[PDB]
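Chemist: In the entry's author numbering, the protein residues as written are 814 to 855, 862 to 1088, 1098 to 1153.
We treat Cβ as the ideally placed atom computed from N, Cα and C, and that holds for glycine.
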Ligand SMILES: Nc1ncnc2c1ncn2[C@@H]1O[C@H](COP(=O)(O)OP(=O)(O)O)[C@@H](O)[C@H]1O
């Protein structure tokens, strides 16, 4: 509040230690005293903002096609202890337009809430208006691509089924509010501790309209070559079920433990023309080696090039839970 005496009472009542809050009779006594004591009838501590001056670097890890990510510790105290954070930031190299997309990305992560999504922690900026730096939580285990090779033998098919299941709920949550992530792969999907996976960044997020079930792209050079729905080249239109193919490829890699050369780009043997002709001719990739029959038999349906033949994520989790049971 704006009155010195009342703020004291509110602070005493609203203490974070439940055994230090005062008794109600003391509250009544203090209110009665305050009433007669003051005949007069009449800077913020917002934690979501960070300042670069108190950010301390430790090491660098991770990079992307639209920014860099580093590990830092925030400690305005005597630097004895603090909180380890991951700081999404741009780079001066050709950063003439990253500001708008970074602002939009900040906007998206402030309006989402689900368990299978990386938490938002705050924002940071400098005096120049540019230099905006997103700060989000840090996952010690990194992404799945960096985890499965490290524990290929220790892991089990049970946890593989669990991991394949969990990201589907996050994707369904994203599709609920009419968002398309436009890029899904192992490097983006994160894993924390065990049995928990949270989706990574949302840089290329765009929202479709009710009157048009597809988005418009002016330049397709940014998209990766072999995570590419056929409509993205045939008509340059982005549909929600486009990432279903992406999820199927991610599932295949998940069963593959991120092998050295079994990735479809490495597995495949003028790239655009070859891809188009193979898609029209149905030259789909075969099943993974040593793969159980039922899972890839189920996955084969979603790989179908027709968007209409693709199933909803709800149906996929239904099938997966039926198989698990
Ligand atoms: N919250 C986090 N905690 C730990 N590592 C992270 C976090 N977010 C991203 N990374 C690291 O970033 C790498 C993935 O790069 P990413 O930032 O997704 O590229 P892009 O910027 O193109 O999205 C991974 O190797 C992962 O270790």
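From the DSSP secondary-structure annotation, give me the bridge partner or partners of residue 908.
Modeler: DSSP output for residue 908 lists 887 and 952 as bridge partner(s).
Chemist: In whole angstroms, what separates the C-alpha of residue 1042 from that of residue 1019?
Modeler: Cα-Cα distance, rounded: 17 Å.
Chemist: In whole angstroms, give me the CA-to-CA distance for residue 1099 and residue 1084.
Modeler: Rounded to whole angstroms, residue 1099 to residue 1084 spans 11 Å at the Cα level.
Chemist: Measuring only from the beta carbon, is residue 905 closer than 7 Å to any heavy atom that is part of ligand 1?
Modeler: Within the cutoff, so yes.
Chemist: Need the endpoints of the beta strand (DSSP E) that residue 882 sits in, please.
Modeler: Start and end: 874-882.
Chemist: Please determine if the region 948-965 and the region 908-924 are in contact, where contact requires at least 3 C-beta pairs separated by less than 8 Å.
Modeler: Touching, per the Cβ criterion.
Chemist: Hey, residue 1064 and residue 1002 are a contact pair by Cβ (cut 8 Å); roughly how many whole angstroms apart?
Modeler: No, residue 1064 and residue 1002 are not in contact; Cβ-Cβ is about 12 Å, not under 8 Å.
Chemist: Does the beta-carbon distance from residue 1155 to residue 899 come in below 8 Å?
Modeler: Nothing can be reported for residue 1155: it is not among the residues displayed for the chain, which extend from 814 to 1153.
Chemist: Quick one: is the Cβ of residue 869 within less than 7 Å of any heavy atom of ligand 1?
Modeler: For ligand 1, not one heavy atom lies less than 7 Å from the Cβ of residue 869.
Chemist: Counting pairs of Cβ atoms below 8 Å between the region 1023-1030 and the region 990-1008, do you hit three or more?
Modeler: Contact holds: three or more Cβ-Cβ distances are below 8 Å.
Chemist: Grab me the residues of residue 873's own chain with a C-beta within less than 8 Å of its C-beta, minus the 5 sequence neighbours each way, in chain order.
Modeler: Result list for residue 873: 893, 894 and 895, in chain order.
Chemist: Following a CB-centred definition, is residue 995 positioned closer than 7 Å to any heavy atom of ligand 1?
Modeler: Checking the Cβ of residue 995 against ligand 1 gives no.
Chemist: For residue 1127, which of 1135, 1118, 1136 and 1147 has the nearest alpha-carbon?
Modeler: Nearest option by C-alpha distance: 1147.
Chemist: Which runs of the beta strand (DSSP E), 3 residues or longer, sit entirely within the region 944-1008?
Modeler: DSSP runs (the beta strand (DSSP E)) wholly in the region 944-1008: 952-955.
Chemist: How far does the beta strand (DSSP E) with residue 1015 in it extend, from its first residue to its last?
Modeler: Here the beta strand (DSSP E) through residue 1015 covers 1015-1017.
Chemist: Relative to the alpha-carbon of residue 1007, which residue among 990, 963 and 982 has its alpha-carbon at the smallest distance?
Modeler: Ranking the options by Cα distance to residue 1007, first place goes to 963.
Chemist: Tell whether a beta-carbon distance below 8 Å holds between residue 1096 and residue 1058.
Modeler: For residue 1096, nothing is modelled; it lies in the interval where the chain passes from 1088 to 1098 with no residues in between.
Chemist: Going by beta-carbon coordinates alone, are residue 1130 and residue 1139 separated by less than 8 Å?
Modeler: Contact flag set, yes.
Chemist: Is the closest heavy atom of ligand 1 to the C-beta of residue 1006 under 7 Å?
Modeler: True, at least one ligand heavy atom lies under 7 Å from that Cβ.
Chemist: With a CB to CB cut of under 7 Å and the five nearest residues on each side skipped, what residues in its chain are close to residue 933?
Modeler: Once the five neighbours on either side are set aside, the close Cβ partners of residue 933 are 989 and 992.
Chemist: Consider the C-beta atom of residue 1022 and the heavy atoms of ligand 1; say whether any pair is separated by less than 7 Å.
Modeler: Yes, ligand 1 has a heavy atom inside 7 Å of this Cβ.
Chemist: Closer than 7 Å to a non-hydrogen atom of ligand 1 - does that hold for the CB of residue 937?
Modeler: Correct: residue 937 has its Cβ closer than 7 Å to ligand 1.
Chemist: Residue 1038: buried (16+ other C-beta within 10 angstroms of its C-beta) or exposed?
Modeler: Answer is exposed; the Cβ neighbour count stays below 16.
Chemist: Run the proximity test for residue 953: is its beta-carbon closer than 7 Å to any non-hydrogen atom belonging to ligand 1?
Modeler: Not under cutoff, so the answer is no.
Chemist: Give the secondary structure of residue 1040 by DSSP, where H, G and I count as helix, E and B as strand, and everything else as coil.
Modeler: Note: residue 1040 maps to coil in three-state DSSP.
Chemist: Using the three-state DSSP reduction, which class does residue 940 fall into: helix, strand or coil?
Modeler: DSSP places residue 940 in strand when its eight states are reduced to three.
Chemist: So, at 6 Å on beta carbons, what are the nonlocal neighbours of residue 1036 in its own chain, with the 5 sequence-adjacent residues on each side left out?
Modeler: The answer, listed in chain order, is 1055.
Chemist: Between residue 980 and ligand 1, is there a pair consisting of the residue's CB and a ligand heavy atom that are separated by less than 7 Å?
Modeler: Flag unset: Cβ of residue 980 not near ligand 1.
Chemist: Out of 1012, 843, 1044 and 1031, point me to the one whose CA is closest to residue 1089's CA.
Modeler: Coordinates for residue 1089 are lacking, as the chain steps from 1088 to 1098 with nothing built in between.
Chemist: Ligand 1 and residue 1016: does any heavy atom of the ligand fall closer than 7 Å to the residue's C-beta?
Modeler: Residue 1016: no, Cβ never under 7 Å from ligand 1.
Chemist: Considering only their Cβ atoms, is the gap separating residue 863 from residue 879 smaller than 8 Å?
Modeler: Cβ distance not < 8 Å, so residue 879 and residue 863 don't count as in contact.
Chemist: Please classify residue 1116 as buried or exposed, where buried requires at least 16 neighbouring CB atoms within 10 angstroms.
Modeler: Residue 1116 comes out buried.
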